[PDB]
């Protein structure tokens, strides 16, 4: 018969955090494959005692005293579990050594020896020992010695966002200098140093497109996309009317019916190097403005971050261009026969214009005009053509005309 008590396996030490649930399993086996009782108790008391305290240490064994319930491949599982009260002490003496016993169907119970038989030490620790807070991304503030409330709110936001796995009911406070104090549900705390949360914003926004020339073709609507970023990731204002000289050409463009749109200007994190703030200028330089030496508008732009640093005015230009700079006529697919190359007839000119037209649909503007000259060369006149700024192309006669005169003898 069986004279051997079951074998108990369990962790010698379980760290339990105040205000949280804890759980671990005792595993029990026996040669018979059956265990009838599994007990957790305090050391004091008679051999038959199962007295156990405090009331929040709990345990249960679902499958007691059934055959085959306690084998090496499938041991009997005893659940030890509870919730540590929020106000429990967390001194070095706030620990519990509890004794675990098991008894087989033949009545063989494991011996109970103070400080030596099967036991576990449940150690109650503050919630701050479980959690290690992650540094947030830095908040760039006007004055790292005296944070505003919006500064504080932002630091809390970046702490939370970087620490999703802290207890949801944790509370955050930010000092006048940005030092973060995290208070856990049990009142224990953690600190994130001011050096790790904030710095004073010392860098003004950057205009990526400084010095750039944006070409606008006369009579064709165009766009110019200007890009800006800031070390803080955030720009609050973009300004083109810094001084009189810059403000007058800005207002000149607006009077031509241009628009300036910066749709993300009020979004947070709207201005990083990887995802810059974009201002788009849209409009048409009308043909009444000529291209040439003074055919430019020169602008100055400044950008301001949320801490009030404004960049040094930087320059960009819109440069006027004739449409002919953009287009190249295709030559006719065939030449046109002409009886006298020095003076084309009407029907010859009409036939040349048709071939040039057909050769350039989908290439030149639909509203280009062609003049077939007396020598059969062809003047291509773009819609922006004016006397002060001609926009034109010439197709030479050797590409359009073919002499039909017969050869001598």
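Residue numbers count along the first chain shown, from 1.
Stretches compared: 292-300, 256-264. Higher mean C-alpha B-factor in the entry: 292-300.
Between 187-195 and 241-249, the higher mean Cα B-factor belongs to 241-249.
Considering 81, 140, 99, 216 together, the PDB entry gives 140 the largest C-alpha B factor. Going by the entry's values, 311 shows the largest Cα B-factor out of 117, 311, 280, 336. The PDB entry assigns residue 384 a C-alpha temperature factor belonging to the lowest third of its chain's modelled residues.
In this PDB entry, the Cα temperature factor of residue 221 sits in the bottom third of its chain's modelled residues, the lowest group. The entry lists a Cα temperature factor for residue 21 that places it in the middle third of the chain's modelled residues. Sort the chain's modelled residues by C-alpha temperature factor and residue 322 lands in the lowest third, per the entry. Ranked against the other modelled residues of its chain, the C-alpha B-factor of residue 73 as given in the entry falls in the highest third.
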